[PDB]
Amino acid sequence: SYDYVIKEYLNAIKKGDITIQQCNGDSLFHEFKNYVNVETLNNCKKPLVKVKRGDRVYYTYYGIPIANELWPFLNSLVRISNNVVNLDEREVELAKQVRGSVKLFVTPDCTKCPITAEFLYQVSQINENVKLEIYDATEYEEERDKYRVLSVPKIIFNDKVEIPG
């Protein structure tokens, strides 16, 4: 069960103002409500969760961040709520240069996906000019195919599908 880990990560950050907007993942997020503000959106055909602090949207995860995506997801909540980033100074400077849409496709059965999500969650913290969206490719199959995604993790920048040659 996820109750203990959710408490261990979120009980402290209770003093912050992290806000999660979600839909179709009620049974998971009902527990988060014990620690952070949770808004449940209406009329969703597929699940999603948006992470905000005030009016700022840090990212939207299309699917439900469970299995190996839960740890990075909880970590991002704590980092955002405490306004801390762990990327080194060079990565930070470099990350601040990016602009526009950044879409990361993942699936649960994916070893390198959590590593990439964690890295991008931190980039979304450092750079408000980036619009980060994460997609569970098994759930959002149309999006996966639109961007010609086969293996994951796969990052798409500025909605551009890069095709060799």
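Numbering starts at 1 and follows the sequence shown.
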**Request:** Quick one: say whether 99-107 or 35-43 has the higher mean Cα B-factor in the deposited entry.
**Result:** 35-43
**Complete:** Comparing 71-79 with 87-95, the higher average Cα temperature factor in the PDB entry belongs to 87-95
**Message:** Among the choices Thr60, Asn129, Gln122, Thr116, identify the one whose CA B-factor in the record is greatest.
**Reply:** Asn129
**Request:** Consider only the C-alpha atoms of the modelled residues in this chain, order them by B-factor as the entry records it, and name the third containing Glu133: lowest, middle or highest.
**Result:** lowest
**Item:** Third of chain Cα B-factors occupied by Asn11
**Value:** highest
**Complete:** Chain thirds by Cα B factor, record data; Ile156 belongs to the lowest
**Request:** Grab the CA temperature factor for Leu150 from the record and place it in the lowest, middle or highest third of its chain.
**Result:** lowest
